[PDB]
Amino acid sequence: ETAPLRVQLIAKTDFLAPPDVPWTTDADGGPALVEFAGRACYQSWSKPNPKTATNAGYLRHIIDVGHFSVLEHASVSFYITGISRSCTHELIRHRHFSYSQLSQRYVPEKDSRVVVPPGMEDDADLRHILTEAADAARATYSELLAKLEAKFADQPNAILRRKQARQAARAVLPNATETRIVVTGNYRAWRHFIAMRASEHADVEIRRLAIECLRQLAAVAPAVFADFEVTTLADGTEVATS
């Protein structure tokens, strides 16, 4: 069974303006918070600059002048499914995110799905080769699992027994095995992720993820992600540059 990439926005900043600060703005949530924090530095509550009088104008300005630390106050979480283990091994090299990921030590993978590398998505021959090799690996897994539980059948704690079995058995599961992950980042962390991974230099699977994250973040905070331009390459893949 193959798994399609799915990205679902599950959390974002709720902003509660403090009543005794003489300031308002034409926005809500993370974008509003980011403006509040910017202004706290200068106590510029009355907005004496006409061209930064709207939220979008203030956020646009912040980025233009490169005051990126102000962006860190607002965050967004996604639940990402239909991503491979090779892709999460790349993703989690980003150290200014927080992660909760599906565990092969704890979750049975006998019926696990696989993710097709975008490079061979339209190639039926290559896909068939991939999927049959995946079925062979899953069969080896179930075979290893039985023998391993038998082998640890002097381990009185049955729960620990199965986990000892499962963590060794998963040695044969391929990189393409689907995983699922909650990723939380602040806006600065997201911008850095998109710059790095939505590039022609990046692997195509993570590039595809970065583009989809960008599209969804652009909706929550248009002015924070505006400078990114999405273009298509010769192969129909997209990159985002700023």
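Numbering starts at 1 and runs along the sequence shown.
Novice: Using only the Cα atoms and their B-factors as the entry lists them, report which of 129-137 and 88-96 averages higher.
Specialist: Result of the comparison: 129-137.
Novice: If you take the mean CA temperature factor per stretch, which one wins between 158-166 and 103-111?
Specialist: Per the PDB entry, the higher value belongs to 158-166.
Novice: Tell me, please, which of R191, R215, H201, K47 has the highest C-alpha B factor according to the deposited entry?
Specialist: Going by the entry's C-alpha B-factors, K47 comes out highest.
Novice: Could you tell me which one of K51, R180, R207, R39 shows the highest CA temperature factor in the PDB record?
Specialist: In the PDB entry, the greatest C-alpha B-factor among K51, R180, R207, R39 is found at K51.
Novice: Pull the Cα B-factor of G119 out of the PDB entry and bin it into the chain's lowest, middle or highest third.
Specialist: It falls in the top third of the chain.
Novice: Using the B-factors in the PDB entry, rank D26's C-alpha atom against the chain and give the third, lowest, middle or highest.
Specialist: It falls in the middle third of the chain.
Novice: Going by the CA temperature factor in the PDB record, which third of the chain does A195 belong to: lowest, middle or highest?
Specialist: Middle third - that is where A195 ends up once the chain's C-alpha B-factors are sorted.
Novice: Taking the values exactly as deposited, rank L233 by C-alpha B-factor within its chain and report the matching third: lowest, middle or highest.
Specialist: Highest third of the chain for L233's C-alpha B-factor.
Novice: When the deposited Cα B-factors of this chain's modelled residues are ordered and cut into thirds, is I10 in the lowest, the middle or the highest one?
Specialist: Lowest third - that is where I10 ends up once the chain's C-alpha B-factors are sorted.
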